[PDB]
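Student: Input: one structure, supplied below.
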Amino acid sequence: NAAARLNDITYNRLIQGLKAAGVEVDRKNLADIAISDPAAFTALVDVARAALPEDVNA
Amino acid sequence: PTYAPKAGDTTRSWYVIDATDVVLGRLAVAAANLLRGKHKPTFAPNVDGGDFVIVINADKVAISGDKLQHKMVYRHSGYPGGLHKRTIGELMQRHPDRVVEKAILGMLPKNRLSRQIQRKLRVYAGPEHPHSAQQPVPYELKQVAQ
Amino acid sequence: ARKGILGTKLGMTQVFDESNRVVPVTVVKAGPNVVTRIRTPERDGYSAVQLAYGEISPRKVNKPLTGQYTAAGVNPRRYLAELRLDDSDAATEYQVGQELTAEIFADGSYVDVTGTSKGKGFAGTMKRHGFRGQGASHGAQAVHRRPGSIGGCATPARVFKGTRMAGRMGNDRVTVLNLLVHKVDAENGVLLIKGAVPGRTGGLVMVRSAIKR
Amino acid sequence: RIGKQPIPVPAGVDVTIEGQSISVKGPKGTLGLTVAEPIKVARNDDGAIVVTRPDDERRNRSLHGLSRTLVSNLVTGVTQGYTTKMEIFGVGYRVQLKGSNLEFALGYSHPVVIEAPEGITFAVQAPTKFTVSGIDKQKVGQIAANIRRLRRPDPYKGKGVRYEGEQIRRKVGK
Amino acid sequence: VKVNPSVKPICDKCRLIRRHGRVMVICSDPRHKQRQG
RNA sequence: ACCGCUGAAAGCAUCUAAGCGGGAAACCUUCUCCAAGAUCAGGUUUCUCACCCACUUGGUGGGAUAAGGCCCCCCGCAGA
RNA sequence: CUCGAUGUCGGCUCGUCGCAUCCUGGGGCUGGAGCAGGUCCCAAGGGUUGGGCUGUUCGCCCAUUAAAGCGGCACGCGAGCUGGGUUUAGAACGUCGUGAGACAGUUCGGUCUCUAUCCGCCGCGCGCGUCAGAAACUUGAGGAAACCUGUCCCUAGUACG
């Protein structure tokens with residue numbers, strides 16, 4: 001959550017996006033990346049942001 | 001595993017909030033999480049991490065008068081009765097810093113770190129902050145996304 | 001505002017007034033042996049003055065006191081006490097090393113007097129608070145002078161904080177209000193006050209102006 | 001319906017708007033008044049003051065009309081001072097004016113010397129009649145309320161101030 | 001005044017109002033000045 | 001509590017929703033007392049204000065000593 | 001809940017609490033002229049007595065007071081007190097029963113243990129700490145104790161009547 005909010009995105013939307021992309025990555029190693037390599041974390045955020053549909057409608 | 005809880009690996013910077021228009025709730029919450037370090041990926045509840053928070057213009061905290069004249073503060077002594085009942089507005093006229101501080105303490109966890117963190121807080125009623133030798137870092141509030 | 005002076009209680013006597021009435025009088029020594037130190041509100045925020053009175057050996061007083069008195073430029077005194085004046089600015093009132101006697105009183109003014117109380121020692125509630133101790137006649141086993149009960153039984157399963165129990169009394173800063181100044185013997189520094197004064201003969205008494213009157 | 005009532009400005013000496021705050025001049029002294037921010041205030045082509053706000057909040061209407069009466073109070077007050085007349089219906093009383101403030105005495109000791117406020121005129125029309133005037137209904141009426149209930153006017157005989165009527169009750173005998 | 005947990009009008013000359021939420025009766029004649037508790 | 005000025009919503013009215021004043025042994029100051037172990041451990045002033053060894057000079061242990069204090073002695077209307 | 005124990009009435013002593021207020025204070029209304037006085041709302045910081053009777057709460061009563069408050073905490077408080085009464089043994093009048101014996105019917109007499117471990121409380125100390133070591137003098141965050149009231153005279157036998 002801390003890393004995501006530093007990247008201007010919440011946990012909810014982060015995980016939803018990762019699911020839509022198909023990134024079957026755990027939270028353990030995701031957090032390790034979030035610490036030892038924020039850049040790759042942000043890249044994953046951009047992937048998730050791209051993967052999100054549009055809004056709160058369906 | 002974790003790499004944060006390592007002695008010496010804590011950055012304690014000085015953030016400043018010009019808490020005038022801001023409401024009491026949101027103010028205290030932002031100070032609370034920011035002070036404890038929940039904005040950092042290295043948050044570690046076992047240790048006294050986080051950055052220092054400075055509250056400015058505490059006298060101006062946006063509290064509705066409807067509560068200034070109804071919300072009360074209670075300080076029991078230990079003696080029969082001894083309930084030192086006092087109006088929050090009067091506390092704002094005398095020592096508003098105690099008002100804000102109290103509000104934060106009730107938002108922090110009932111533990112010892114409450115005290116180790118509490119000692120990292122500086123609240124001054126006035127606008128001017130004597131401690132400028134360090135680096136003040138003005139902090140602003142927002143709703144992040146969603 | 002709160003003018004005053006340090007003195008020594010010299011005991012009690014009595015003196016007849018002009019209307020042929022007895023005045024019980026406490027005798028206070030307050031002569032030309034009182035000097036000052038200024039506590040400005042611009043450093044401390046108090047607006048007060050320390051008053052010194054007495055006579056000690058310069059080889060008995062320790063060195064730091066000789067430093068403070070050196071700053072004053074004044075021969076040492078046994079006692080030193082800070083008298084709160086007024087919440088205003090004051091400033092133009094008392095100077096460093098000013099002679100203060102009992103001539104500061106106008107032979108009739110009411111005064112507020114304060115000082116340490118006399119020793120009594122550890123005593124029961126009969127003196128500490130004044131209890132109507134049970135009697136000891138009609139069967140009472142052994143309760144003469146005992147406090148008796150304290151509190152309830154189950155619900156308040158404790159004792160309320162600050163009950164009336166045995167303790168030590170004496171040596172307390174008692175303030176007695178609105179004593180009538182009978183007469184100022186400026187020639188000997190002997191101040192004649194109607195009424196009793198806290199403390200034993202030889203103790204330090206602080207006498208200052210009354211405000212209620 | 002007061003929302004349809006504009007306020008002409010007979011004097012307009014310095015009647016203006018300084019940040020939702022109206023400063024008023026005229027024959028008399030100066031006045032000011034904070035304008036409620038929710039209500040939009042502007043000046044008319046002929047100088048008359050126009051105060052407006054729609055509705056859908058009730059208090060918008062209350063503030064609109066209230067505001068109209070306040071502006072009328074400022075203008076009519078500065079161009080025509082307001083006054084209240086007091087008649088005394090009692091026994092053993094003389095209106096005294098020692099120095100520059102009123103002293104009253106009717107059936108009790110220690111005559112009351114009303115502490116006069118700043119910006120007010122007192123006047124005596126008779127030993128049992130006097131008046132008061134000023135440029136604010138809140139300031140003139142304040143002194144008018146601090147003289148009553150002190151020795152409550154008994155509706156049996158009468159011993160005090162009436163505001164030219166008030167249908168004061170009378171005794172029912174004994 | 002006549003304080004009670006019920007309010008109505010005594011006559012066809014009075015007004016019912018809410019001062020601070022407190023319901024009250026004013027017939028402008030002191031025999032009741034009825035108040036909602 | 002009671003009471004009131006001004007004054008809308010409701011062209012009026014209205015102590016009230018803006019806003020204001022009076023308003024008591026209760027409340028908080030002011031009066032008396034303890035009180036900075038109140039761990040934000042406060043404030044002002046002042047004296048001493050500069051010795052030597054072990055180990056890894058230091059970082060660390062040890063010994064001495066100035067200011068000042070304490071223990072023993074004669075005592076107190078201070079006192080278990 | 002408790003029977004390998006929760007010792008109950010009343011009284012004495014010491015304190016606390018509520019307010020649905022006995023008084024003192026502050027208001028309205030009146031079939032409130034005035035003194036007095038009816039009812040109702042707010043207000044619980046103080047005071048709220050002394051005696052006769054009763055084993056007694058209760059209650060009655062005298063003489064007073066500004067008034068002589070109602071209630072809660074094991075119908076407060078027995079590891080602090082009393083033991084009259086209640087709830088043991090003996091005795092006894094009356095009643096029930098053939099009797100042993102009973103009776104919320106009465107009457108005579110009838111022992112109250114504790115060297116205080118812990119919490120809590122009352123007072124006083126040792127050490128550490130308050131980022132050099134000592135000494136003097138203060139503030140006062142925030143708490144404590146106190147907080148009652150009558151009489152007479154003047155204004156004035158005035159206002160009212």
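FYI, nothing fancy with the structure tokens labels: chains A, B, ... in order, residues from 1 per chain, ligands from 1 as they appear.
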Determine, using only C-alpha atoms (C1' of nucleotides), which residues of segment 1-37 of chain F have any atom at most 12 Å from an atom of segment 20-30 of chain E, and tabulate each with its shortest atom pair and distance in Å to one decimal place, rows ordered by chain and then rising number, as a Markdown table.

Tutor:
| residue | atom | partner | partner_atom | distance |
| --- | --- | --- | --- | --- |
| F:14 | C1' | E:26 | CA | 10.3 |
| F:15 | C1' | E:20 | CA | 10.4 |
| F:16 | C1' | E:20 | CA | 7.5 |
| F:17 | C1' | E:20 | CA | 9.0 |

Student: Residues of the last selection are to be written out with N, CA and C atoms (P, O5', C5', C4', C3', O3' and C1' of nucleotides), as a PDB file, in the first residue's frame.

Tutor:
ATOM      1  P     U F  14     -44.134  40.681  17.017  1.00  0.00           P
ATOM      2  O5'   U F  14     -43.382  39.293  17.165  1.00  0.00           O
ATOM      3  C5'   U F  14     -44.056  38.180  17.724  1.00  0.00           C
ATOM      4  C4'   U F  14     -43.300  36.902  17.488  1.00  0.00           C
ATOM      5  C3'   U F  14     -41.848  36.927  17.928  1.00  0.00           C
ATOM      6  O3'   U F  14     -41.735  36.578  19.303  1.00  0.00           O
ATOM      7  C1'   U F  14     -42.024  36.052  15.722  1.00  0.00           C
ATOM      8  P     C F  15     -41.213  37.623  20.414  1.00  0.00           P
ATOM      9  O5'   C F  15     -39.699  37.201  20.620  1.00  0.00           O
ATOM     10  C5'   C F  15     -38.763  37.537  19.620  1.00  0.00           C
ATOM     11  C4'   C F  15     -37.452  36.825  19.792  1.00  0.00           C
ATOM     12  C3'   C F  15     -37.505  35.317  19.807  1.00  0.00           C
ATOM     13  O3'   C F  15     -37.630  34.763  18.515  1.00  0.00           O
ATOM     14  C1'   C F  15     -36.063  36.077  21.508  1.00  0.00           C
ATOM     15  P     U F  16     -38.028  33.220  18.346  1.00  0.00           P
ATOM     16  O5'   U F  16     -36.668  32.535  17.903  1.00  0.00           O
ATOM     17  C5'   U F  16     -36.663  31.264  17.274  1.00  0.00           C
ATOM     18  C4'   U F  16     -35.329  30.981  16.645  1.00  0.00           C
ATOM     19  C3'   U F  16     -34.169  30.837  17.625  1.00  0.00           C
ATOM     20  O3'   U F  16     -33.155  30.002  17.089  1.00  0.00           O
ATOM     21  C1'   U F  16     -33.763  32.654  16.223  1.00  0.00           C
ATOM     22  P     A F  17     -33.335  28.416  16.934  1.00  0.00           P
ATOM     23  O5'   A F  17     -32.743  28.146  15.487  1.00  0.00           O
ATOM     24  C5'   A F  17     -31.505  28.739  15.138  1.00  0.00           C
ATOM     25  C4'   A F  17     -31.307  28.870  13.652  1.00  0.00           C
ATOM     26  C3'   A F  17     -30.372  29.984  13.226  1.00  0.00           C
ATOM     27  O3'   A F  17     -29.011  29.661  13.389  1.00  0.00           O
ATOM     28  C1'   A F  17     -32.291  30.020  11.868  1.00  0.00           C
TER      29        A F  17
END

Student: Which of segment 66-120 of chain B counts as strand (DSSP E) under DSSP, as a list in words please?

Tutor: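 Going through segment 66-120 of chain B, the strand (DSSP E) residues come out as residues 72, 73, 74, 75, 76, 83, 84, 85, 86 and 87 of chain B.
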
Student: Go ahead and compute the interatomic distance for atom CA of residue 87 of chain C and atom CA of residue 1 of chain C, in Å to one decimal.

Tutor: 9.5 Å

Student: Please identify the alpha helix (DSSP H) residues within segment 4-51 of chain A (assignment by DSSP from backbone atoms) and present them as a PyMOL selection string.

Tutor: chain A and resi 4-6+11-21+27-36+38-51

Student: Which residue, B:77, B:116, B:111, B:143, has the smallest gap to chain G when you use only C-alpha atoms (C1' of nucleotides)?

Tutor: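 Closest to chain G, using only C-alpha atoms (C1' of nucleotides): B:77.
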
Student: Using Å and a single decimal, report how far atom CA of residue 38 of chain C sits from atom CA of residue 174 of chain C.

Tutor: 25.3 Å

Student: Which one of A:24, A:46, A:32, A:8 sits closest to residue 2 of chain B if you count only C-alpha atoms?

Tutor: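 The shortest atom-to-atom distance to residue 2 of chain B comes from A:32.
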
Student: Excluding residue 19 of chain A and any residue of its chain fewer than 4 positions from it, enumerate the residues within 9 Å of it, using only C-alpha atoms (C1' of nucleotides), and give them as a list in words.

Tutor: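 The filter keeps residues 14, 15, 23, 24, 48 and 51 of chain A.
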
Student: Restricted to C-alpha atoms, what would the selected residues look like written as an mmCIF file, in the first residue's frame?

Tutor:
data_model
loop_
_atom_site.group_PDB
_atom_site.id
_atom_site.type_symbol
_atom_site.label_atom_id
_atom_site.label_comp_id
_atom_site.auth_asym_id
_atom_site.auth_seq_id
_atom_site.Cartn_x
_atom_site.Cartn_y
_atom_site.Cartn_z
ATOM 1 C CA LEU A 14 -3.395 -2.338 -8.124
ATOM 2 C CA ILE A 15 -4.472 -5.902 -7.520
ATOM 3 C CA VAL A 23 0.456 -11.180 -13.258
ATOM 4 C CA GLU A 24 0.280 -14.205 -10.948
ATOM 5 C CA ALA A 48 -1.855 -2.688 -13.965
ATOM 6 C CA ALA A 51 -4.956 -3.379 -17.575
#

Student: List as a ChimeraX atom specification the protein and nucleic acid residues near residue 140 of chain G, meaning an atom at most 10 Å away when only C-alpha atoms (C1' of nucleotides) are counted, but skip any in the same chain fewer than 2 places from it.

Tutor: /F:35-36,38 /G:138,142

Student: For those residues, write N, CA, C and O atoms (P, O5', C5', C4', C3', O3' and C1' of nucleotides) to a file as a PDB file, in the first residue's frame.

Tutor:
ATOM      1  P     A F  35       5.951  21.369  47.609  1.00  0.00           P
ATOM      2  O5'   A F  35       5.664  21.011  46.082  1.00  0.00           O
ATOM      3  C5'   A F  35       5.612  19.662  45.641  1.00  0.00           C
ATOM      4  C4'   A F  35       5.084  19.560  44.230  1.00  0.00           C
ATOM      5  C3'   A F  35       5.756  20.442  43.199  1.00  0.00           C
ATOM      6  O3'   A F  35       6.948  19.895  42.685  1.00  0.00           O
ATOM      7  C1'   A F  35       3.431  20.660  42.997  1.00  0.00           C
ATOM      8  P     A F  36       7.936  20.811  41.815  1.00  0.00           P
ATOM      9  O5'   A F  36       7.671  20.306  40.331  1.00  0.00           O
ATOM     10  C5'   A F  36       7.538  18.917  40.072  1.00  0.00           C
ATOM     11  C4'   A F  36       8.173  18.518  38.774  1.00  0.00           C
ATOM     12  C3'   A F  36       9.655  18.837  38.680  1.00  0.00           C
ATOM     13  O3'   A F  36      10.371  17.822  37.984  1.00  0.00           O
ATOM     14  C1'   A F  36       8.516  19.923  36.935  1.00  0.00           C
ATOM     15  P     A F  38       5.644  14.776  38.999  1.00  0.00           P
ATOM     16  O5'   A F  38       4.657  15.461  37.958  1.00  0.00           O
ATOM     17  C5'   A F  38       3.840  14.653  37.124  1.00  0.00           C
ATOM     18  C4'   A F  38       3.895  15.082  35.677  1.00  0.00           C
ATOM     19  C3'   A F  38       5.281  15.194  35.066  1.00  0.00           C
ATOM     20  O3'   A F  38       5.230  14.890  33.675  1.00  0.00           O
ATOM     21  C1'   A F  38       4.260  17.321  35.079  1.00  0.00           C
TER      22        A F  38
ATOM     23  P     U G 138      11.552  31.284  46.840  1.00  0.00           P
ATOM     24  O5'   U G 138      11.153  31.627  45.349  1.00  0.00           O
ATOM     25  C5'   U G 138       9.973  31.125  44.775  1.00  0.00           C
ATOM     26  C4'   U G 138       9.904  31.495  43.326  1.00  0.00           C
ATOM     27  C3'   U G 138       8.768  30.869  42.556  1.00  0.00           C
ATOM     28  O3'   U G 138       7.565  31.578  42.748  1.00  0.00           O
ATOM     29  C1'   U G 138      10.761  30.613  41.341  1.00  0.00           C
ATOM     30  P     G G 142      -4.297  22.865  32.340  1.00  0.00           P
ATOM     31  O5'   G G 142      -4.338  21.752  33.471  1.00  0.00           O
ATOM     32  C5'   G G 142      -4.040  20.403  33.167  1.00  0.00           C
ATOM     33  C4'   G G 142      -3.743  19.610  34.412  1.00  0.00           C
ATOM     34  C3'   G G 142      -4.819  19.634  35.483  1.00  0.00           C
ATOM     35  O3'   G G 142      -5.841  18.688  35.253  1.00  0.00           O
ATOM     36  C1'   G G 142      -2.753  20.136  36.468  1.00  0.00           C
TER      37        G G 142
END

Student: Set the cut-off to 7 Å and count only C-alpha atoms (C1' of nucleotides): what are the residues of chain D that reach chain F? Output as a list in words.

Tutor: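 In the required form, that comes to residues 1, 2, 58, 59, 61, 62, 63, 65, 66, 137, 138, 141, 142, 145 and 146 of chain D.
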
Student: Counting only C-alpha atoms (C1' of nucleotides), what are the residues of chain F within 9 Å of chain B, and for each of them which pair of atoms is the nearest and at what distance in Å, to one decimal? Sort the table by chain and rising number, as a tab-separated table.

Tutor:
residue	atom	partner	partner_atom	distance
F:27	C1'	B:86	CA	8.8
F:28	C1'	B:86	CA	8.3
F:40	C1'	B:119	CA	7.7

Student: Please report as a Markdown table every residue of chain B lying within 10 Å of chain A, along with the nearest atom pair and their distance in Å (one decimal), using only C-alpha atoms.

Tutor:
| residue | atom | partner | partner_atom | distance |
| --- | --- | --- | --- | --- |
| B:1 | CA | A:28 | CA | 8.0 |
| B:2 | CA | A:32 | CA | 7.8 |
| B:3 | CA | A:35 | CA | 8.3 |
| B:4 | CA | A:35 | CA | 8.8 |
| B:37 | CA | A:2 | CA | 9.0 |
| B:38 | CA | A:2 | CA | 6.2 |
| B:39 | CA | A:2 | CA | 4.8 |
| B:40 | CA | A:2 | CA | 5.2 |
| B:41 | CA | A:2 | CA | 5.1 |
| B:42 | CA | A:35 | CA | 7.2 |
| B:43 | CA | A:2 | CA | 8.2 |
| B:143 | CA | A:8 | CA | 9.5 |
| B:144 | CA | A:8 | CA | 5.8 |
| B:145 | CA | A:9 | CA | 6.0 |
| B:146 | CA | A:10 | CA | 7.3 |

Student: Can you pull out the residues contacting residue 63 of chain F? Cut-off 12 Å, using only C-alpha atoms (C1' of nucleotides), and skip same-chain residues under 3 positions away; I want them as a list in words.

Tutor: residues 51, 52, 53 and 54 of chain F

Student: Considering only C-alpha atoms, give me a table of residues in chain D that are at most 12 Å from chain E, with the closest atom pair and distance in Å for each, as JSON lines.

Tutor:
{"residue": "D:155", "atom": "CA", "partner": "E:30", "partner_atom": "CA", "distance": 11.9}
{"residue": "D:166", "atom": "CA", "partner": "E:28", "partner_atom": "CA", "distance": 11.3}
{"residue": "D:167", "atom": "CA", "partner": "E:29", "partner_atom": "CA", "distance": 10.8}
{"residue": "D:168", "atom": "CA", "partner": "E:29", "partner_atom": "CA", "distance": 10.8}
{"residue": "D:169", "atom": "CA", "partner": "E:29", "partner_atom": "CA", "distance": 9.6}

Student: Of the candidates D:105, D:114, D:91, D:50, which one gets nearest to chain G if we count only C-alpha atoms (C1' of nucleotides)?

Tutor: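 The shortest atom-to-atom distance to chain G comes from D:91.
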
Student: List the neighbours of residue 109 of chain B out to 12 Å using only C-alpha atoms (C1' of nucleotides); skip same-chain residues closer than 5 positions along the sequence, and give me the result as a PyMOL selection string.

Tutor: chain B and resi 32-33+36+45+104+114-118

Student: Could those residues be written to a file, using C-alpha atoms, as a compact mmCIF listing (two decimals), in the first residue's frame?

Tutor:
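The resulting file, result.txt, is shown below:
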# COMPACT_ATOMS: atom_id res chain seq x y z
CA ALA B 32 -0.87 9.93 12.68
CA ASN B 33 -0.14 7.75 9.68
CA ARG B 36 4.11 6.39 12.23
CA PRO B 45 5.37 -1.59 13.57
CA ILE B 104 -3.84 12.33 17.93
CA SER B 114 2.67 5.66 21.50
CA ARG B 115 5.08 7.37 23.86
CA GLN B 116 8.18 6.95 21.74
CA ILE B 117 6.24 8.42 18.83
CA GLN B 118 4.53 11.07 20.96

Student: In Å to one decimal, how far is atom CA of residue 125 of chain C from atom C1' of residue 14 of chain G?

Tutor: 9.9 Å
